[PDB]
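Values quoted throughout were computed directly from the atomic coordinates according to the rules given, and no laboratory measurement underlies them. No Cβ is skipped: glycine too gets one built from the backbone with ideal geometry, and neighbour counts run over all protein chains shown.
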Ligand SMILES: Nc1ncnc2c1ncn2[C@@H]1O[C@H](COP(=O)(O)OP(=O)(O)O)[C@@H](O)[C@H]1O
Ligand SMILES: Nc1ncnc2c1ncn2[C@@H]1O[C@H](COP(=O)(O)OP(=O)(O)O)[C@@H](O)[C@H]1O
Ligand SMILES: [Mg+2]
Ligand SMILES: [Mg+2]
């Protein structure tokens, strides 16, 4: 008869940048 | 027990793997010899290599080979997959790896197989997650460290070895990177024989032709093909008999025809007669193509690798792609058709990736014939561009040059080019060694177009006589594509006439001469005289 | 037990970790000297350092040195693997660390070795989770707080020290960072001597030549080389010996040895672990293969080998070597062939690059790739970098309309500052190959980046003879034919076109061979290519380079040569 | 059932699947009907969870492997068959795909459901 | 100028190693005039007149500003 705890991580979205060719 | 006997027989082992003798030789050398005679190693005074990284395309038999060697040897086998071992919470994936290695080293001298390792080692630099870095570090520490491991072997399987942390491909972690590549004709033959050890064949059954026509099917593909063909045979010869709620003397007449395997390869993942005229071009291309492959021994004797490239230029709809398809059918080499503007991209440095990918696939699936259609679109004149699109075109043509003729191993890969405007190409591709032959395809003569018509009517239901000479001589300006259009129009006119005649009834099984005439009554010419003059001038100046 | 007696004697030591003495000296100082003679330290009135960070490329001897220290020092040793401490329960990783340090402090004046701290100690500002922040803070306060470190010294090992918390890289926590780096020639020789102390080597093997020929090997690759040579030798001796179903015969074990051939085969087969990503598929070419261009071949051999073979003379003369060359001319003249010949018959490592091979659509990733390849080349020196078709990757930045995204300019600037910038002056020779020099940045053709611009011309008569003889060296030929007429008839062809003529001769001989062979089976006729095949193969022979491109290349050549005037 | 088998508690999901399969293989040659398989088929490539990919690998292990199945056939049920693994849709595990997609059948269902034309054309 | 010096040193190295090989079959303790004379036959001026004119035009614009 004893409780407990637990810490867990979580995923996070990340942006980005991209160069583009052109005419 | 009934199933116990099959358990021993079903136990994977030697003679089950076919087409990787050299790689199997190396792996068994690594796994068995130190465990077979360790006294000699203790005498010579050097520890064996104890790590392998098997790589190659998926479904080639990596897990099969690992299981075979493990079951043949007396060592314990433990399998670890990529996703199964990793979790979302913090601090259990490394615990799983630690428990696996601990129990493997505690139980018996064991062989460990980490399937799909590329999902666990993201190189620690192109990756943002924390659990992945931590499990990579844990794996490194387990593999090497203060009294890390002893008398245990590790094997990995991956498709993209470059996406692995370099710290893992060091001596002591992954010693020798074995390449489990696509198997050749002999490998395909032997794997077919291996898979057909228990099935019952028919009298008129051969596997050499099957190995010939099959090109890219590897391993599990072959297994699935054979299994589903047999299943279709069983299902086909069960409904034509009464569905009994059955005599073995009638059941033991199953066999396997060829048509079953034919459609099996036709549904799973032209001919030399279809091309009219162009006889000299056909024979020249035939020799240049299948001489390397049909007689490799004499070429090795002479010591000269053959030429690879060819370029056809001329009017459109003339049959360049038709010749390419005929080649693809007439030799076992793979075909890779790519259009001109298909490879372009508004993004920066992506057409180059496309070209690298297609050429890497061609070299991996050798022998191969690569057909560059409308090469003038990619290989623009590198000098007179003057734009940002000009810079992109310069980049892509330079990549094409360094890929088709660069620091490469000279695998059997034949490049075929096709253009209708041959004078907008940089004269660096046209040098011998990249695209040496400059074949000109002209408009066919009367006999050539008559033969084209006859070939197009190879399977078309026709009257006992059609008198194709008249239509052949009355189409002096047409091309093969236009003749195909005329034939299709005649066929559709006959079809609609039959439909209209049978609608009232609910009539001519073959295309009538009158139907053909009224179909020829409408026609179009896709080529002018100016284009012919330009091609003639180009040939003359060449 | 018998195994334990040998295993106990097999414990590593200082003698086993040779290859780097200075770093060994520092580690020995910190670990032992305050434990052997504390009185001198109390006499001078200062306390010694009590923290180390061993860093460097993988497989250099970090874990090995930790093991050696553990075996040698009589003090208590405590090893902590990296991802060994933390668990799922909140507040348990810190409990494990506290217990570890408490045990170490309570037991004796001990040493703590923490392996791969780059995983347990990341930068707090960058990490998003909470447990790692708590554990790194715990490690900080535990290693440097109030009433801490009563005669305990910590050693750390990592492959990437930059990804460490800055709060950890200061005095008191990690006093000074020892760089366990790539060994030099003498270090490689010492490593070879260490690994070949228990092996039964043959009498004909010398290790100086091997140490000289192996260049970028990190010392963990030397063990690989030794093992592979042993594997080749045992394979050769087993192909002779029986299957040996029973215990191996005593007669073969008494006669075992490893000759220089095994080591040479391993050297030709192996490749440094650092460059395993950029390995080149085995292509075989030799200097005898490259006909003509004798002066260029000799000059290239000199400029690539003298800095490698004779560094003593260079340092005695007090000047650097030259580290650049550019090839320009009509296509197919043999530039890529020269590159292949270099990569085959030069001892220095080779790095091959296609034209756009390193260009990516992401932002800055092309420059990242450039930095990566040049860092690899500088680390694994001496190195040869071949930039095939330079005009794709290096154009006149800002000329006419620049790149719409401004990426070509950035990549060429990065290339500029990698070939000539703040660096350590390692042996990296850059080979350039292009056939359109007018579109090259003038800042790349400067001396110090690409010093000497060699022009490969169309072969003359003698060069044509040389290349024809080189191409026909291995084919079977009758004595009748002579190739001087073949060379004279062309007068404008290139090496590629002569190869094409030879190829058509081969195809015609092949056709005749098959035609003559079929009747033999139906009911060795041409063992060599006859004069008829050569006579008939030239029917479809045409010049490769036109008269418009040739004049342009020549005109550029005299344009370059004119500036050398007034001399 | 798909969402029923869910046992986040110390990843008991794989234990539940193992118990189910062992019970189907223990008594007799039986028929396993796993309903709503699209919820437990995260394609292991677009998902970012843990149990999902772990239970996908458990299903791929229980369906194919050493002494995997001994005279037992499995049946599935889904709405979108495109969100399944290419390793789950392979031969030996899920080698047959049946399209159960008319008016006369709807009228037959209406007749057999009201046993104890506008209704077949409007619905 | 560094290129000229490098080439002179290269010819000195060549002569030294050739003399040593002859010895087996300090001969050149210092670089001679002939070494420079031979190494200066391939001397090139990297900076072109167009770039020089551009740079001086920019400098004069800066001054006039
Ligand atoms: N080279 C091969 N020879 C025989 N069977 C093969 C081969 N490659 C694959 N198979 C068959 O394919 C099935 C799955 O192969 P698998 O071991 O998953 O391959 P991989 O490790 O390449 O992904 C096995 O049951 C095996 O019988
Ligand atoms: N000589 C020919 N014999 C038979 N069909 C031909 C011939 N030339 C062209 N065709 C027909 O033209 C169609 C398209 O030809 P294609 O090979 O695409 O031409 P292109 O060489 O212009 O790319 C094909 O469907 C083919 O049947
Ligand atoms: Mg280590
Ligand atoms: Mg080249």
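Results for (1) crowded, with 19+ Cβ neighbours inside 10 Å; (2) within 22 Å of residue B:526 (Cα to Cα), shown as yes or no for each residue.
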| position | (1), (2) |
| --- | --- |
| B:402 | yes, no |
| B:409 | no, no |
| B:412 | no, no |
| B:415 | yes, no |
| B:432 | yes, no |
| B:437 | yes, no |
| B:440 | no, yes |
| B:449 | yes, yes |
| B:453 | yes, yes |
Any hit, the stretch B:419-437, residues being assigned to a strand (DSSP E or B), over 27 Å from residue C:334 (Cβ atoms), more than 16 Å from ligand 1 (Cβ to nearest atom) and in contact with a strand residue (DSSP E or B) (Cβ under 6 Å, 6 or more places away or on another chain) = yes
| Test for residue D:101: is it part of a loop (DSSP other than H, G, I, E, B) and either within 14 Å of another protein chain (Cβ to nearest Cβ) or surrounded by 13 or more Cβ atoms within 10 Å (Cβ to Cβ) (or both) | no
Of those in the stretch B:406-418 that are part of a loop (DSSP other than H, G, I, E, B) and within 14 Å of chain C (Cβ to nearest Cβ), the residue nearest to ligand 1 (Cβ to nearest atom) is B:411
The residue that is surrounded by the fewest Cβ atoms within 10 Å (Cβ to Cβ), considering only those in the stretch B:212-249 that are within 16 Å of ligand 1 (Cβ to nearest atom) and more than 14 Å from chain D (Cβ to nearest Cβ), is B:216
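Does residue C:305 satisfy being more than 12 Å from chain B (Cβ to nearest Cβ), more than 16 Å from ligand 2 (Cβ to nearest atom), surrounded by fewer than 21 Cβ atoms within 10 Å (Cβ to Cβ) and under 30 Å from residue C:545 (Cβ atoms)?
For residue C:305, the condition - more than 12 Å from chain B (Cβ to nearest Cβ), more than 16 Å from ligand 2 (Cβ to nearest atom), surrounded by fewer than 21 Cβ atoms within 10 Å (Cβ to Cβ) and under 30 Å from residue C:545 (Cβ atoms) - is not met.
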Of (1) over 21 Å from residue C:470 (Cβ atoms); (2) within 19 Å of the chain's Cα centre (by Cα); (3) within 16 Å of ligand 4 (Cβ to nearest atom), residue C:328 fails just (2)
Of C:66, C:104, the only residue that is in contact with a strand residue (DSSP E or B) (Cβ under 7 Å, 6 or more places away or on another chain) and farther than 30 Å from residue B:127 by Cα is C:104
Review point. Would you say residue B:126 is within 12 Å of chain C (Cβ to nearest Cβ) and either within 16 Å of ligand 4 (Cβ to nearest atom) or at negative phi (or both)?
Key: yes
If we scan the stretch B:27-44, do we find a residue that is within 11 Å of another protein chain (Cβ to nearest Cβ), more than 16 Å from ligand 4 (Cβ to nearest atom), more than 30 Å from residue C:237 (Cβ to Cβ) and crowded, with 17+ Cβ neighbours inside 10 Å?
-> no
In the stretch B:365-403, anything assigned to a helix (DSSP H, G or I), in contact with a strand residue (DSSP E or B) (Cβ under 6 Å, 6 or more places away or on another chain) and under 30 Å from residue B:181 (Cβ atoms) is listed as B:375, B:402
Residue hits (the stretch B:130-174; facing chain C (nearest Cβ under 7 Å), touching a strand residue (DSSP E or B) at 6+ places or on another chain (Cβ under 8 Å) and assigned to a loop (DSSP other than H, G, I, E, B)) are B:145, B:146
Given the conditions (1) surrounded by fewer than 18 Cβ atoms within 10 Å (Cβ to Cβ); (2) more than 14 Å from chain B (Cβ to nearest Cβ); (3) out of contact with any strand residue (DSSP E or B) (no Cβ under 8 Å at 6 or more places or on another chain), every one holds for residue C:518 apart from (2)
When every residue in the stretch B:57-74 that is away from every other protein chain (no Cβ under 14 Å) and crowded, with 23+ Cβ neighbours inside 10 Å is compared, the one farthest from ligand 4 (Cβ to nearest atom) is B:69
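For every residue, the table says whether it meets (1) more than 20 Å from residue B:452 (Cβ to Cβ); (2) out of contact with any helix residue (DSSP H, G or I) (no Cβ under 9 Å at 6 or more places or on another chain); (3) assigned to a loop (DSSP other than H, G, I, E, B).
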position	(1), (2), (3)
B:490	no, no, no
B:503	yes, yes, no
B:508	yes, no, yes
B:519	no, no, no
B:525	no, no, yes
B:533	yes, yes, no
Worksheet item: Would the stretch B:177-193 turn up any residue that is more than 18 Å from the chain's Cα centre (by Cα), surrounded by fewer than 22 Cβ atoms within 10 Å (Cβ to Cβ), away from ligand 3 (no atom under 16 Å from the Cβ) and part of a loop (DSSP other than H, G, I, E, B)?
Response: no
Filter the stretch B:346-362 for residues that are crowded, with 19+ Cβ neighbours inside 10 Å and in a helix (DSSP H, G or I); the one that is nearest to the other protein chains (Cβ to nearest Cβ) is B:352
